[PDB]
Amino acid sequence: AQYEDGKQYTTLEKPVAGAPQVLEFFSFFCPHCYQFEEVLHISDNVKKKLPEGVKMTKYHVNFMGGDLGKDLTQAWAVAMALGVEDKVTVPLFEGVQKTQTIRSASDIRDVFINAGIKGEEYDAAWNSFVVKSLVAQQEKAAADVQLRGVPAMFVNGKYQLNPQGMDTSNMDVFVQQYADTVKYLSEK
Numbered sequence: 001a002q003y004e005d006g007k008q009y010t011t012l013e014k015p016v017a018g019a020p021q022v023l024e025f026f027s028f029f030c031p032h033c034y035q036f037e038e039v040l041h042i043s044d045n046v047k048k049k050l051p052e053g054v055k056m057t058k059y060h061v062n063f064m065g066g067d068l069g070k071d072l073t074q075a076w077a078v079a080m081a082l083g084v085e086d087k088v089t090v091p092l093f094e095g096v097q098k099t100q101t102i103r104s105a106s107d108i109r110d111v112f113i114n115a116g117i118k119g120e121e122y123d124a125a126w127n128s129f130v131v132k133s134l135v136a137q138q139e140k141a142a143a144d145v146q147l148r149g150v151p152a153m154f155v156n157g158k159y160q161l162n163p164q165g166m167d168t169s170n171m172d173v174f175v176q177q178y179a180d181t182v183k184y185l186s187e188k
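Going by PDB author numbering, the first residue of the sequence shown is number 1, and it counts up by one from there.
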């Protein structure tokens, strides 16, 4: 076939019921994740090819960067609750991996402040039980699917993208193959 299990994607032995349609996992500590966001724009190019009726979800993971890794997961909960993912994603990545100016929770906070979220609003979000449950959601989804590696995308809780089995000579071709694969899986 042109799409085969074990080539552009793998199937879960243990399919996850109720799962989000398109589910993405990342860490701000994850270097391929950086590429995925700033060079490849994977999430975006996937979106542009997904059907209609298809919501995209993206969650942060704990297993990279120890204490800071967890702070980042809580911070991304704050980002999701306030709907400011698109304003903090890049400064968080560059603060962690490029400039190395993110070393603590206060430093993560500064990124939000500089992107224009109010001090009070952030701290109140940070400490809210709505954010607690959003953190629980992130962990539960990663737990539901054996997650020991990022970046990772799952379609309908059954198919996991396998970018290792795609061409990387050309970045644009890699991205279209990836998005087309997601689309294929989504129609399956």
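Every residue, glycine too, gets a C-beta built ideally from N, C-alpha and C.
Status (buried if at least 16 other CB within 10 Å, exposed otherwise) for residue i
i, result
"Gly53", "exposed"
"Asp71", "buried"
"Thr89", "buried"
"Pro91", "buried"
"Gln138", "buried"
Own chain partners of residue i with C-beta closer than 6 Å, once the 5 adjacent residues on each side are dropped
i, result
"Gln74", "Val135"
"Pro151", "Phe26, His32, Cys33, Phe36"
Nearest to residue i (by Cα), restricted to the options the options
i, options, result
"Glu187", "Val22, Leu12, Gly6", "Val22"
"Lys87", "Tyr159, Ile113, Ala19", "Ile113"
"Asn127", "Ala142, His41, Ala105, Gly66", "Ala105"
Cutoff 7 Å; reference residue i; Cβ partners in own chain excluding five residues on either side
i, result
"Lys183", "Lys49, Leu50"
Spatial neighbours of residue i in its chain, beta-carbon cut-off 8 Å, leaving aside the 5 residues before and after
i, result
"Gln160", "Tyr9, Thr10, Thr11, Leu12, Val145, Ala152, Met153, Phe154"
"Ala81", "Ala125, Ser128, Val130, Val131, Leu134"
Residue-chain proximity (residue i, chain D), Cβ-Cβ < 8 Å
i, result
"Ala1", "Checking the listed chains, one finds no chain D in this structure; it contains a single protein chain."
Cβ separation of residue i and residue j, assumed to be a contact under 8 Å, to the nearest whole Å
i, j, result
"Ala19", "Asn162", "Not really, about 18 Å apart at Cβ, beyond 8 Å."
"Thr181", "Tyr3", "7 Å"
"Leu40", "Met171", "6 Å"
"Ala143", "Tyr59", "Their Cβ separation, rounded to whole angstroms, is 11 Å, which puts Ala143 and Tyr59 out of contact at 8 Å."
For this session: Would you check if the segment 75 to 87 and the segment 36 to 49 touch, i.e. whether three or more CB-CB distances between them fall below 8 Å?
Result: no
Exercise. Below 8 Å, can you find three or more Cβ-Cβ pairs linking the segment 110 to 122 to the segment 147 to 163?
Worked result: Too few Cβ pairs lie closer than 8 Å, so no.
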